[PDB]
Amino acid sequence: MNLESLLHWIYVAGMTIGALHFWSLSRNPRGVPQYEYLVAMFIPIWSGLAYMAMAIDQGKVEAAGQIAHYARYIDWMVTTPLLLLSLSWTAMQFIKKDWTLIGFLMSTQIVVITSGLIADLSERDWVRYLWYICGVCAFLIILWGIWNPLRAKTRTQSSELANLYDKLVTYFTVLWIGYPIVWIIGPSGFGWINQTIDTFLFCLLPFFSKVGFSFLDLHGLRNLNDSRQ
Ligand SMILES: *C/C=C(C)/C=C/C=C(C)/C=C/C1=C(C)CCCC1(C)C
């Protein structure tokens with residue numbers, strides 16, 4: 001384990017091998033249609049190149065005598081918005097519609113994260129704290145909105161996938177607990193954190209989220225067969 005100024009670099013590295021492994025699995029998914037595998041190329045690849053930029057010093061710019069984390073939000077979009085969607089996509093067996101219920105939900109998280117970018121691209125302070133609460137609020141409403149209904153779509157699809165799924169959304173919910181909690185106290189960290197040390201607490205954290213949830217998504221759908229004896 002290293003502890004120097006090369007996090008953003010080593011980050012894109014691990015992400016490169018990740019999205020690659022999936023390419024080898026394209027031979028056949030078994031449990032997740034093509035559109036899902038594509039989801040990987042979508043986020044796993046995009047996220048990768050993103051970090052590589054943070055290393056070259058091309059992402060954050062000085063705006064209003066301050067430091068804005070623009071590159072941090074955009075990457076957090078395709079990464080975060082498609083992170084939660086990836087969990088559901090991986091579970092999804094087949095498709096033949098759009099559905100209004102789920103359709104509305106997906107639009108909820110989409111708007112929340114959007115607020116994030118603005119939070120950094122704000123114009124005043126009073127609006128910063130105001131917007132910050134705008135996201136967290138709609139967030140807790142989303143998670144509770146997915147387990148609350150529980151339409152027959154899932155209850156009929158496969159009880160097995162419905163069970164393991166519950167444990168999934170739970171683990172992912174913890175990932176947020178990691179960021180939404182450090183965000184509140186201290187400046188985007190634990191407290192009295194600098195600009196460098198700050199990006200560190202994170203680099204270690206989305207790196208631990210993508211890697212973990214990765215093996216979790218696949219493990220959930222199918223880990224091992226232990227029925228016949
Ligand atoms: C792998 C990358 C991850 C897990 C990124 C996660 C980002 C978040 C959980 C952001 C959460 C936010 C709020 C809860 C309030 C609004 C501002 C955000 C978007 C930073």
# chains A, B, ... in the order shown; residues from 1 in each chain; ligands from 1
>>> residues_around(residues="stretch 119-127 of chain A", least_positions_apart="3", cutoff="9 Å", atoms="only C-alpha atoms", output="list in words")
residues 63, 67, 68, 69, 70, 73, 114, 115, 116, 130, 131 and 132 of chain A
>>> residues_near_ligand(ligand="ligand 1", cutoff="8 Å", atoms="only C-alpha atoms and all ligand atoms", output="MDAnalysis selection string")
chainID A and resid 73 76:77 79:80 83 112:117 119 131:136 139 175:180 183 205:210
>>> select_by_dssp(residues="stretch 7-214 of chain A", states="helix (DSSP H, G or I)", output="ChimeraX atom specification")
/A:7-25,34-56,70-79,81-91,100-120,126-147,152-157,159-184,195-214
>>> residues_around(residues="stretch 55-62 of chain A", least_positions_apart="6", cutoff="12 Å", atoms="only C-alpha atoms", output="list in words")
residues 5, 6, 7, 8, 9, 10, 11, 12, 13, 48, 49, 68, 69, 70, 71, 72, 73, 74, 75, 120, 121, 195, 196, 199 and 203 of chain A
>>> atom_distance(atom1="atom CA of residue A:36", atom2="atom CA of residue A:89")
5.8 Å
>>> atom_distance(atom1="atom CA of residue A:225", atom2="atom CA of residue A:18")
24.8 Å
>>> residues_around(residues="stretch 91-105 of chain A", least_positions_apart="6", cutoff="7 Å", atoms="only C-alpha atoms", output="CSV table (one decimal) with N, CA and C atoms, in the first residue's frame")
chain,number,residue,atom,x,y,z
A,31,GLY,N,-28.0,-14.6,-16.6
A,31,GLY,CA,-28.6,-13.9,-15.5
A,31,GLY,C,-28.8,-12.4,-15.8
A,32,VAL,N,-27.9,-11.9,-16.6
A,32,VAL,CA,-28.0,-10.5,-17.0
A,32,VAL,C,-27.9,-10.3,-18.5
A,33,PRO,N,-29.0,-9.8,-19.2
A,33,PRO,CA,-29.0,-9.5,-20.6
A,33,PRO,C,-27.9,-8.5,-21.0
A,142,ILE,N,-35.7,8.0,-1.7
A,142,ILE,CA,-35.5,7.0,-2.7
A,142,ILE,C,-35.4,5.6,-2.2
A,161,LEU,N,-34.2,-14.0,-5.9
A,161,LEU,CA,-33.5,-12.8,-6.2
A,161,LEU,C,-34.0,-11.6,-5.4
A,221,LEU,N,-26.3,-12.6,-7.5
A,221,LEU,CA,-27.1,-13.3,-8.6
A,221,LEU,C,-26.8,-14.8,-8.5
>>> closest_residue(among="A:30, A:197, A:170, A:40", to="residue A:15", atoms="only C-alpha atoms")
A:40
>>> residues_around(residues="residue A:223", least_positions_apart="5", cutoff="12 Å", atoms="only C-alpha atoms", output="mmCIF file with C-alpha atoms, in the first residue's frame")
data_model
loop_
_atom_site.group_PDB
_atom_site.id
_atom_site.type_symbol
_atom_site.label_atom_id
_atom_site.label_comp_id
_atom_site.auth_asym_id
_atom_site.auth_seq_id
_atom_site.Cartn_x
_atom_site.Cartn_y
_atom_site.Cartn_z
ATOM 1 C CA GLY A 31 -28.618 -13.912 -15.493
ATOM 2 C CA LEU A 164 -30.461 -11.661 -1.921
ATOM 3 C CA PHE A 215 -17.914 -8.935 -6.491
ATOM 4 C CA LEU A 216 -21.143 -8.408 -4.535
ATOM 5 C CA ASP A 217 -23.351 -7.848 -7.584
ATOM 6 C CA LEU A 218 -22.139 -11.013 -9.306
#
>>> residues_around(residues="residue A:198", least_positions_apart="6", cutoff="10 Å", atoms="only C-alpha atoms", output="list in words")
residues 187, 188, 189, 190, 191 and 192 of chain A
>>> write_last_selection(atoms="C-alpha atoms", output="PDB file, in the first residue's frame")
ATOM      1  CA  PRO A 187     -15.104  20.083   5.153  1.00  0.00           C
ATOM      2  CA  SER A 188     -15.869  17.103   2.917  1.00  0.00           C
ATOM      3  CA  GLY A 189     -14.069  14.846   5.373  1.00  0.00           C
ATOM      4  CA  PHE A 190     -13.592  14.030   9.051  1.00  0.00           C
ATOM      5  CA  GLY A 191     -12.610  17.555  10.050  1.00  0.00           C
ATOM      6  CA  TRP A 192      -9.749  20.027   9.719  1.00  0.00           C
TER       7      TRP A 192
END
>>> select_by_dssp(residues="stretch 42-204 of chain A", states="strand (DSSP E)", output="PyMOL selection string")
chain A and resi 61-62+67-68
>>> write_last_selection(atoms="C-alpha atoms", output="mmCIF file, in the first residue's frame")
data_model
loop_
_atom_site.group_PDB
_atom_site.id
_atom_site.type_symbol
_atom_site.label_atom_id
_atom_site.label_comp_id
_atom_site.auth_asym_id
_atom_site.auth_seq_id
_atom_site.Cartn_x
_atom_site.Cartn_y
_atom_site.Cartn_z
ATOM 1 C CA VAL A 61 -10.392 24.924 -11.487
ATOM 2 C CA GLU A 62 -10.172 28.040 -9.317
ATOM 3 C CA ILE A 67 -11.396 25.567 -5.354
ATOM 4 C CA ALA A 68 -14.343 23.856 -7.047
#
>>> closest_residue(among="A:152, A:87, A:174, A:182", to="residue A:220", atoms="only C-alpha atoms")
A:87
>>> residues_around(residues="residue A:19", least_positions_apart="2", cutoff="10 Å", atoms="only C-alpha atoms", output="VMD selection string")
chain A and resid 14 to 17 21 to 24 37 40 to 48
>>> write_last_selection(atoms="N, CA and C atoms", output="PDB file, in the first residue's frame")
ATOM      1  N   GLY A  14      -6.488   0.143 -11.505  1.00  0.00           N
ATOM      2  CA  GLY A  14      -7.348  -0.940 -11.066  1.00  0.00           C
ATOM      3  C   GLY A  14      -8.658  -0.991 -11.828  1.00  0.00           C
ATOM      4  N   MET A  15      -9.166   0.175 -12.208  1.00  0.00           N
ATOM      5  CA  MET A  15     -10.421   0.258 -12.947  1.00  0.00           C
ATOM      6  C   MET A  15     -10.263  -0.308 -14.354  1.00  0.00           C
ATOM      7  N   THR A  16      -9.054  -0.203 -14.898  1.00  0.00           N
ATOM      8  CA  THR A  16      -8.772  -0.705 -16.238  1.00  0.00           C
ATOM      9  C   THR A  16      -8.927  -2.220 -16.300  1.00  0.00           C
ATOM     10  N   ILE A  17      -8.364  -2.909 -15.312  1.00  0.00           N
ATOM     11  CA  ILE A  17      -8.441  -4.364 -15.255  1.00  0.00           C
ATOM     12  C   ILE A  17      -9.857  -4.828 -14.927  1.00  0.00           C
ATOM     13  N   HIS A  21     -12.035  -7.434 -17.306  1.00  0.00           N
ATOM     14  CA  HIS A  21     -12.495  -8.755 -16.892  1.00  0.00           C
ATOM     15  C   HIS A  21     -13.893  -9.032 -17.433  1.00  0.00           C
ATOM     16  N   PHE A  22     -14.759  -8.028 -17.355  1.00  0.00           N
ATOM     17  CA  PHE A  22     -16.127  -8.161 -17.838  1.00  0.00           C
ATOM     18  C   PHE A  22     -16.143  -8.529 -19.318  1.00  0.00           C
ATOM     19  N   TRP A  23     -15.268  -7.893 -20.092  1.00  0.00           N
ATOM     20  CA  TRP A  23     -15.184  -8.156 -21.524  1.00  0.00           C
ATOM     21  C   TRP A  23     -14.991  -9.644 -21.792  1.00  0.00           C
ATOM     22  N   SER A  24     -14.224 -10.301 -20.928  1.00  0.00           N
ATOM     23  CA  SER A  24     -13.960 -11.728 -21.071  1.00  0.00           C
ATOM     24  C   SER A  24     -15.208 -12.546 -20.748  1.00  0.00           C
ATOM     25  N   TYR A  37     -24.572  -5.877 -19.342  1.00  0.00           N
ATOM     26  CA  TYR A  37     -23.137  -5.945 -19.569  1.00  0.00           C
ATOM     27  C   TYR A  37     -22.661  -4.598 -20.089  1.00  0.00           C
ATOM     28  N   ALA A  40     -21.788  -1.977 -17.656  1.00  0.00           N
ATOM     29  CA  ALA A  40     -20.423  -2.033 -17.134  1.00  0.00           C
ATOM     30  C   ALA A  40     -19.494  -1.126 -17.954  1.00  0.00           C
ATOM     31  N   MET A  41     -19.465  -1.383 -19.257  1.00  0.00           N
ATOM     32  CA  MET A  41     -18.643  -0.594 -20.145  1.00  0.00           C
ATOM     33  C   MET A  41     -18.982   0.867 -19.911  1.00  0.00           C
ATOM     34  N   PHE A  42     -20.268   1.105 -19.676  1.00  0.00           N
ATOM     35  CA  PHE A  42     -20.775   2.438 -19.426  1.00  0.00           C
ATOM     36  C   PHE A  42     -20.107   3.063 -18.209  1.00  0.00           C
ATOM     37  N   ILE A  43     -20.364   2.532 -17.006  1.00  0.00           N
ATOM     38  CA  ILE A  43     -19.737   3.129 -15.832  1.00  0.00           C
ATOM     39  C   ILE A  43     -18.303   2.630 -15.601  1.00  0.00           C
ATOM     40  N   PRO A  44     -18.028   1.306 -15.383  1.00  0.00           N
ATOM     41  CA  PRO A  44     -16.643   0.857 -15.190  1.00  0.00           C
ATOM     42  C   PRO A  44     -15.587   1.545 -16.080  1.00  0.00           C
ATOM     43  N   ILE A  45     -15.868   1.759 -17.369  1.00  0.00           N
ATOM     44  CA  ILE A  45     -14.877   2.409 -18.233  1.00  0.00           C
ATOM     45  C   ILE A  45     -14.809   3.916 -18.005  1.00  0.00           C
ATOM     46  N   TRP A  46     -15.955   4.589 -18.063  1.00  0.00           N
ATOM     47  CA  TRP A  46     -15.989   6.036 -17.865  1.00  0.00           C
ATOM     48  C   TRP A  46     -15.281   6.446 -16.579  1.00  0.00           C
ATOM     49  N   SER A  47     -15.674   5.838 -15.466  1.00  0.00           N
ATOM     50  CA  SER A  47     -15.073   6.151 -14.175  1.00  0.00           C
ATOM     51  C   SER A  47     -13.553   6.055 -14.239  1.00  0.00           C
ATOM     52  N   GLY A  48     -13.054   4.979 -14.843  1.00  0.00           N
ATOM     53  CA  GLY A  48     -11.618   4.790 -14.956  1.00  0.00           C
ATOM     54  C   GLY A  48     -10.884   6.018 -15.473  1.00  0.00           C
TER      55      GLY A  48
END
>>> closest_residue(among="A:64, A:140, A:222, A:128", to="residue A:160", atoms="only C-alpha atoms")
A:222
